[PDB]
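The block underneath contains the structure these notes are about, expressed in structure tokens.
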Amino acid sequence: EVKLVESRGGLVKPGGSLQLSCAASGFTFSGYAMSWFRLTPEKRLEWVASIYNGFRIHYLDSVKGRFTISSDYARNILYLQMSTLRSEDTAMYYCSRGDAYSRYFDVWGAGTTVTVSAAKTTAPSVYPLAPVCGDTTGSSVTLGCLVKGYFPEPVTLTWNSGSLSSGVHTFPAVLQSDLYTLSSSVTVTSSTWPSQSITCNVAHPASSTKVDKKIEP
Amino acid sequence: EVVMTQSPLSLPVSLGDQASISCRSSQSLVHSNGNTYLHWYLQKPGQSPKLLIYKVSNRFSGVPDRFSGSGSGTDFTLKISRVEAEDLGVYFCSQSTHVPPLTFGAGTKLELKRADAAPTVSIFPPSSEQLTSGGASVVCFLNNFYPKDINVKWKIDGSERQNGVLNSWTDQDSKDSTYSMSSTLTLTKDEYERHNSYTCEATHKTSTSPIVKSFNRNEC
Ligand SMILES: N[C@]1(C(=O)c2ccccc2)[C@@H]2CC[C@@H](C2)[C@H]1c1ccccc1
Ligand SMILES: [O-]
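Line by line, the protein sequences are chains H and L. According to the entry's author numbering, the residues represented by the first sequence are 1 to 82, 82A to 82C, 83 to 100, 100A to 100B, 101 to 212, in order. According to the entry's author numbering, the residues represented by the second sequence are 1 to 27, 27A to 27E, 28 to 95, 95A, 96 to 214, in order.
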């Protein structure tokens, strides 16, 4: 078929450099405005740069002088050389081919994650969240798990090793002190807990750590 | 730079309903060559953007006829004749008339409607383990509510507390169409042991007054 095969992204420190790339599959760049776009952490879609027929090259102001877009029209591979990387450059990057005649983008590469941070691999601290006194009552009770201070993303969290899948809400991670923090809640009938056990299981592949925390009154 | 403004930011609909999304530019998108380079894209979670309509009203190959575009100059509209589950996601308009730079609207999230639901609020004190490390995070969950709009307020010993609060929101639940929120107030162990009354209050359209949950530290 017709597609764009993207390269792996990566983690880099501020001021560092990194190169992304996409190989055409089923077509040639000849005639297209090959470009790069990015979805920011705030969820805004931004155009980054484009290169048309070798010389029509354009850049977003914020990246002029730091990012260089280039193309190997012989091998049909698009490149984005990122240098002087800043924290604000953290985002999901996508390469896409722009029709030079209608100016739309039909073929897109899968998103490539780029993270700019000074943080070093750090395993999370997993804290159990037990209900306050007088709230363990009611027809149902809610327990929680706080996963704090880890890097980089992601972590995988389950309750009772997956047996407890319903009534769970695991929230998106947020940054604080350059490290990620996430939380998860699980709601069960007051009958179950505490008599029965409820455990929070957190895996963080980056640090090869697997932590289990039982929620006790 | 041309600014693209989309309205609404969130569009709740019921499956089978008609949907209409607006996009307006700060300047006419009519190029000097006579063309209007205004386009519509749809992006779903964990997926790349997909082209739906180009040059205002040209439906791209493979795109269902349920989608249609219109408008001119500074105002444009994307319409969906009959919304299907597969259509849920974020719709972006983009202009490529005045470039560089190409610019996009902030997007319109197409979501599902359901009956109103008050949030179930639960508060949690710092754990023994975290306190041993010198930290003290108080957590409050505001779960399964609808509509998505909600506000949380923290109070320490009765006074509003804005510093040290971090929030997180889930996407609309794929099973019950509700939303949930997590709010965490982080203090140092020192500060936590300096006060006693901790409170989280939720303001939602399902109640005139906020839903309050609280606890006293010295009680645990
Ligand atoms: N000026 C172009 C360009 O490469 C371009 C790309 C990004 C920003 C500014 C200009 C070339 C001539 C017609 C096409 C190709 C146009 C273009 C504009 C916008 C999107 C795609 C293609
Ligand atoms: O160009």
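Note that CB positions come from ideal geometry on N, CA and C, so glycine has one too.
Would you kindly report the start and end of the unbroken beta strand (DSSP E) that includes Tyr-91(H)? According to the DSSP assignment, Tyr-91(H) belongs to the beta strand (DSSP E) that extends over 88-96.
Please classify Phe-55(H) as buried or exposed, where buried requires at least 16 neighbouring CB atoms within 10 angstroms. exposed
Can you have a look at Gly-128(L) and say buried or exposed, based on whether 16 or more other CB atoms are within 10 angstroms of its CB? exposed
Kindly examine ligand 2 and report whether one of its heavy atoms sits closer than 7 Å to the Cβ of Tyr-98(H). no
Could you name the residues of the same chain whose beta carbon sits closer than 7 Å to that of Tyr-145(H), not counting the 5 residues immediately before and after it, in chain order? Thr-117, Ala-118, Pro-119, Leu-174, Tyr-175 and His-199
Neighbour list for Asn-137(L) in chain H, Cβ cutoff strictly below 8 Å: Those within 8 Å of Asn-137(L) in chain H are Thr-137, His-164, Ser-180 and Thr-182.
For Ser-185(H), which residues in the same chain have their Cβ closer than 8 Å to its Cβ, ignoring the five residues on either side in sequence? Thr-131, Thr-132, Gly-133, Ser-134, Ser-135 and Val-136
Quick check: the Cα distance between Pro-59(L) and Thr-102(L), rounded to an integer number of angstroms? 19 Å
Mind checking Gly-29(L): buried by the 16 CB within 10 Å criterion, or exposed? exposed
Helix, strand or coil: how does DSSP classify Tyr-186(L) here? Helix at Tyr-186(L).
State the Cα-Cα distance for the pair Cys-195(H) and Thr-204(H), rounded to the nearest angstrom. 14 Å
Can you tell me which of the three DSSP states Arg-24(L) falls into? strand
Which residue comes first and which comes last in the alpha helix (DSSP H) that contains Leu-125(L)? Here the alpha helix (DSSP H) through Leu-125(L) covers 122-126.
Would you call the CB atoms of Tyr-122(H) and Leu-141(H) closer than 8 Å? yes
Considering Cα atoms alone, identify which of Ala-33(H), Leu-11(H) and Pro-149(H) is closest to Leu-82C(H). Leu-11(H)
Near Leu-47(L), what residues of its chain come up, given a Cβ to Cβ distance below 7 Å and the 5 sequence neighbours on each side ignored? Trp-35, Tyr-36, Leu-37, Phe-55, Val-58 and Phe-62
If we call anything under 8 Å between Cβ atoms a contact, is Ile-144(L) one with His-198(L)? yes
In this structure, does DSSP put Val-150(H) in helix, strand or coil? coil
To the nearest angstrom, how far is the alpha carbon of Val-206(L) from that of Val-115(L)? 8 Å
Quick one: Cα of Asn-53(H) to Cα of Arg-94(H), how far? 12 Å
Tell me whether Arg-56(H), by its Cβ, gets closer than 7 Å to a heavy atom of ligand 3. By its list of ligands, the structure shown excludes ligand 3, since it contains just ligand 1 and ligand 2.
If you drop the 5 nearest sequence neighbours on each side, which residues of the same chain put their C-beta closer than 8 Å to that of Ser-14(L)? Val-78, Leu-106 and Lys-107
Just the chain L side, please: which residues come within less than 7 Å of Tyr-122(H) by C-beta, in chain order? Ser-121, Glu-123 and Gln-124
Any idea what DSSP makes of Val-127(H), helix, strand or coil? coil
Can you tell me the Cα-Cα spacing of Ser-84(H) and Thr-187(H), whole angstroms? 45 Å
Give every residue of the same chain whose Cβ lies closer than 7 Å to the Cβ of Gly-31(H), excluding the five residues on either side of it in the sequence, and list them in chain order. Taken in chain order, the residues that qualify are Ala-97.
What number of angstroms, rounded off, separates the C-alpha of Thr-151(H) from the C-alpha of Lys-169(L)? Computed Cα separation, rounded: 21 Å.
Please report whether the beta-carbon of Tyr-73(H) lies at a distance below 8 Å from any beta-carbon of chain L. no
With hydrogens ignored, establish whether the beta-carbon of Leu-27B(L) is closer than 7 Å to any heavy atom of ligand 1. no
For ligand 2, any of its heavy atoms closer than 7 Å to the Cβ of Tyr-122(H)? no
Distance check for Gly-15(H) and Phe-67(H), CA to CA, integer angstroms please. 12 Å
Quick one: give me the first and last residue of the beta strand (DSSP E) that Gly-64(L) is part of. 62-67
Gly-26(H) to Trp-47(H) span [Cα, whole Å]: Distance between the alpha carbons of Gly-26(H) and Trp-47(H): 24 Å.
In the structure shown, what three-state DSSP assignment does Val-2(H) receive? coil
If I'm right that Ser-162(L) touches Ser-158(H) with Cβ under 8 Å, what's the distance once you round it to whole angstroms? Rounded, the Cβ-Cβ distance is 25 Å, inconsistent with contact.
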